[PDB]
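Protein chains: 2
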Amino acid sequence: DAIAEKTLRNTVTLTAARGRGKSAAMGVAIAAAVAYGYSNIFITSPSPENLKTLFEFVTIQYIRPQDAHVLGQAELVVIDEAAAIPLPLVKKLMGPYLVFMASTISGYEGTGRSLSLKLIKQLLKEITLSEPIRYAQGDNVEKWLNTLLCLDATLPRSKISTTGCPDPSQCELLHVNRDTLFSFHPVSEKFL
Amino acid sequence: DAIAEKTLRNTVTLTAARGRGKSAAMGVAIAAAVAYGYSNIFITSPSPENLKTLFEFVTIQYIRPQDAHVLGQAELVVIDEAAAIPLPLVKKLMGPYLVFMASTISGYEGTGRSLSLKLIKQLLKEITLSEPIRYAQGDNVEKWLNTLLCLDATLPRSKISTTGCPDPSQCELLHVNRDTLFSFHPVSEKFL
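So the protein sequences, as listed, match chains A and B.
Counting the first sequence from 1 gives a position; my numbering is that position plus 222.
Counting the second sequence from 1 gives a position; my numbering is that position plus 222.
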């Protein structure tokens, strides 16, 4: 409910891993706002992405961003995985209305969280959803893939140790080979 | 009231001389259809034309035809002096909705009735308004200008005489000079 001393119209950005319900969340707002009633909505996306869940959960109509550039009808715009969309095009569009920004992270074909921050900075009310709709948390299969795949993001904010977060000190340049991969000691799986 | 066994949605074309009230007529429908209620409307026009009366008589919003080509929101479209708009652009637009087509004729900067028929053929429910809002009919000033200016259209449908309407017979090619203008007899003011 974006109403307040601050503007009510603003940009929301919900980010989460896959299977979190970002789309489903984005679908709710569609009807929840009623054509006549709460209001009418809109939706855009990059090379398609599954538009199917959001709308199925959904007035959803879809004009892709470029074609989207045409005229301004709606009160609340929703863009699925905007991080994928060009900064220039995306920014212009966000200006004419109020938006829900969705983006997948921490998975395959997601967007790097480092880039996500730079992207957010361009604006943002950001929110995150932690639990999967399809399975229960703690699903060992999912844990397995995350660990195998190295889904985990932590370094941008901070490292988990005494150090982490900004990396202070003099920067030193050095090269290392693949072999570092096997050894587990100093220069180990960890460095790579 | 376009509702019937035939489609309710169709194209209406009201044509008339200037000062007939075409715009005012077109304005009425705007509110008469209520956003929520009868319905929402729309309006387009060529190089502008006085948009002022229609809307003042009017939800009127205006996106020019080309920019208009963007998305389809409305139940009843109105285009002011469409004859002025390109056939290609105009036709495409008429397809997506229900429309009121207005056009000025029988005056300065009006559209020739001959062309108007060809234009109509491209479709049309056409209606005409005969009396001026601003003055009483029979205003001698208006009669004067019409006659001076040669506002009168009659030849396309038919000539007022035994002959008129289609021109049958073998076509004969001949030239005549301006001088025909003065003489009033055979080859007179009439031929020119």
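Note that CB positions come from ideal geometry on N, CA and C, so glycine has one too.
Exercise for the section: Taking only the alpha-carbon atoms, compute the straight-line gap between residue 424(B) and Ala246(B) and give it to the nearest angstrom. Expected result: A question about residue 424(B) goes unanswered here, because the residues of chain B that appear run from 223 up to 414.
Problem - Beta-carbon proximity list for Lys347(A), same chain, < 8 Å, skipping 5 on both sides - result: Here residue 347(A) corresponds to residue number 125 of the first sequence, with the count starting at 1. If we look at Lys347(A) and ignore the five residues flanking it on each side, its Cβ neighbours are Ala224, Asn232, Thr233, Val234, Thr235.
Handout entry: Cβ shell of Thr376(A) (< 8 Å), same chain only, five flanking positions each side left out
Key = The residue given as residue 376(A) occupies position 154 in the first sequence. Beyond the five residues adjoining it in sequence on each side, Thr376(A) comes within less than 8 Å, by CB distance, of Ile382, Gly386 in the same chain, given in chain order.
Problem - C-beta atoms of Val280(A) and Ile301(A) nearer than 8 Å - result: Position 58 of the first sequence, counted from the first residue, corresponds to residue 280(A). Position 79 of the first sequence, counted from the first residue, corresponds to residue 301(A). Cβ distance not < 8 Å, so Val280(A) and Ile301(A) don't count as in contact.
Problem - Where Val292(B) meets chain A, residues with beta-carbon distance less than 7 Å - result: As a working note, residue 292(B) is residue 70 in the second sequence. Within chain A, the residues near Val292(B) are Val292, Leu293.
Exercise for the section: Can you grab the Cα-Cα spacing for the pair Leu315(A) / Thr266(A), in whole Å? Expected result: By 1-based counting over the first sequence, the position of residue 315(A) is 93. By 1-based counting over the first sequence, the position of residue 266(A) is 44. Taking the straight line joining both Cα atoms gives about 10 Å.
Exercise for the section: For the segment 252-278 of chain A, enumerate the residues whose C-beta is nearer than 7 Å to any C-beta of chain B, in chain order. Expected result: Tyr258
Practice task
Kindly identify the DSSP beta-bridge partner or partners of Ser325(A).
Solution key: In the first sequence, residue 325(A) corresponds to position 103, counting from 1. Note: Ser325(A) sits in a beta bridge opposite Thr237(A).
Exercise for the section: Please classify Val363(B): does DSSP put it in a helix, a strand, or coil? Expected result: One-based indexing of the second sequence puts residue 363(B) at position 141. Here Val363(B) sits in helix by DSSP.
Handout entry: Limits of the beta strand (DSSP E) - the one that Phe264(A) falls within
Key = Counting from one through the first sequence, the residue named residue 264(A) turns up at place 42. It spans 263-266 - the beta strand (DSSP E) in which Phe264(A) sits, taken as one unbroken run.
Handout entry: Through-space distance from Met248(B) to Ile342(B), alpha-carbon basis
Key = Residue 342(B) sits at position 120 when you count from the first residue of the second sequence. Residue 248(B) sits at position 26 when you count from the first residue of the second sequence. Answer to the nearest angstrom: the Cα atoms are 18 Å apart.
Practice task
Please confirm if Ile301(A) has its CB atom under 8 Å from at least one CB of chain B.
Solution key: Residue mapping note: residue 301(A) aligns to position 79 of the first sequence, counting from 1. No - not a single Cβ of chain B is within 8 Å of the one on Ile301(A).
Exercise for the section: Tell me, please, whether the CB atom of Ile285(A) is closer than 8 Å to any CB atom in chain B? Expected result: The count along the first sequence starts at 1 and reaches residue 285(A) at position 63. Interface criterion met: the Cβ of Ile285(A) is under 8 Å from a Cβ in chain B.
Exercise for the section: Starting from the Cα of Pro378(A), find the closest Cα among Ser336(A), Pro408(A), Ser352(A), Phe413(A) and give me that residue. Expected result: If you number the first sequence from 1, residue 378(A) lands on position 156. When each option's Cα is compared against that of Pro378(A), the closest is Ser336(A).
Problem - Local conformation of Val292(B) per DSSP, three classes - result: What you label residue 292(B) is simply residue 70 of the second sequence in a count that begins at 1. Reduced to three states, the DSSP call for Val292(B) is coil.
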